[PDB]
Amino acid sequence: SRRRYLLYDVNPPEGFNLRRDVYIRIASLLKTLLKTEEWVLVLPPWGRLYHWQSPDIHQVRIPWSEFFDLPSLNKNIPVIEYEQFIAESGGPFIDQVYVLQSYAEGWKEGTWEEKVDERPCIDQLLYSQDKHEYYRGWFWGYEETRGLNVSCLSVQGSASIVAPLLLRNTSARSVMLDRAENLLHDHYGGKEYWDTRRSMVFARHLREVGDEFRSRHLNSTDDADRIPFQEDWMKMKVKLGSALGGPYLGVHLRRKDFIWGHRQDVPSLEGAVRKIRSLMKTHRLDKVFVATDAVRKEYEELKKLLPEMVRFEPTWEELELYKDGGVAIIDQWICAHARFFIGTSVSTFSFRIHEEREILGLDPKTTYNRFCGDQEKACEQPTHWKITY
């Protein structure tokens, strides 16, 4: 009955939707571990080291339960909240912390190989020792957390590359992989992957708010959208392109990095609307739902250009409650029920929407779509990854 605990964290600059992906990366690994030993994944509390990223509202120590449905995840891999780890093991005590990093020697191409090795630390360590020789660190904002040991792993391939190593030194009841973004997916478009991805189902509350918005302002219900919905995700398998979707255009415009990132892969507002109108005409769509990070000045400019834009603006208390990821989820959930969707180039946000649309069963031609930069020369659309059951 004595099992082992896996914990992870991601490089602080990474956003909500990248973290959702790394999660599947880590789940791949844990499944590989479970073939041998008893393990359980501990869900890293939400909220970010950089507190200024989410203005005026503190997003901190947020359980997954506020975003995703725990039973839904559990049907895939054994999973527990960090606050629960803290209760089962005596305190917030982590035996081994492994900071993932690349190989310093690099490689000359043709050498590249999936491998993992204990190595000296490349960047100086962000953990440090107290008067008790415990390692103090970020630890998802739980200040009282202590690692017993920290060191670095140089690593290359898919996440499961690390399992032999973790399965060897069994001394560690709890192991944490920091900088888990270093791990790749085992196999991304694959059945194992989809089992996981499908199993992350939004919390009932965010779905309900999103659904009611769909019916009030989008004239969109699951019935009218020919999206038969099922509760247990294991039991929901839908034929491709059967789903119709609400009579509206979903769009995701990402302005955040447009300027300082010197981007040629994102449109001007004026360009974005030209495309949008072309889509509305093509598909006979009266209303467009826009999910955007745009600032007020730029939003007004968009609002004037495209009056029929409908948008979900959380009230102050809604934001205080659902938090940031929460709102993002509603926006995603709504875009995902659109008749047709157009996203932003290489946006992780748009990526999650795709997967979500593929799950609901919407035709790919309506799914993998992106705005072209105004003068962008040859603009390639995102790649369609079909589900495998």
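In this text, residue numbers run from 1 along the sequence as written.
- Between 373-381 and 6-14, it is 373-381 that carries the larger average Cα temperature factor according to the deposited entry.
- When the two stretches 219-227 and 159-167 are set side by side, the higher mean Cα temperature factor goes to 219-227.
- Taking the deposited Cα B-factors for 106, 250, 267, 147, the highest one is held by 106.
- Comparing C-alpha B-factors across 235, 274, 179, 281 in the deposited entry, the largest value falls on 235.
- In the deposited entry, the Cα temperature factor of residue 242 places it in the highest third of its chain's modelled residues.
- Remark: residue 256 belongs to the middle third of its chain, ranked by C-alpha B-factor as recorded.
- Residue 83: CA B factor in the lowest third of modelled residues in this chain (values from the PDB entry).
- Annotation for residue 326: C-alpha temperature factor in the middle third relative to the rest of the modelled chain, per the entry.
- Looking at the C-alpha B-factors along this chain, the one for residue 295 belongs to the highest third.
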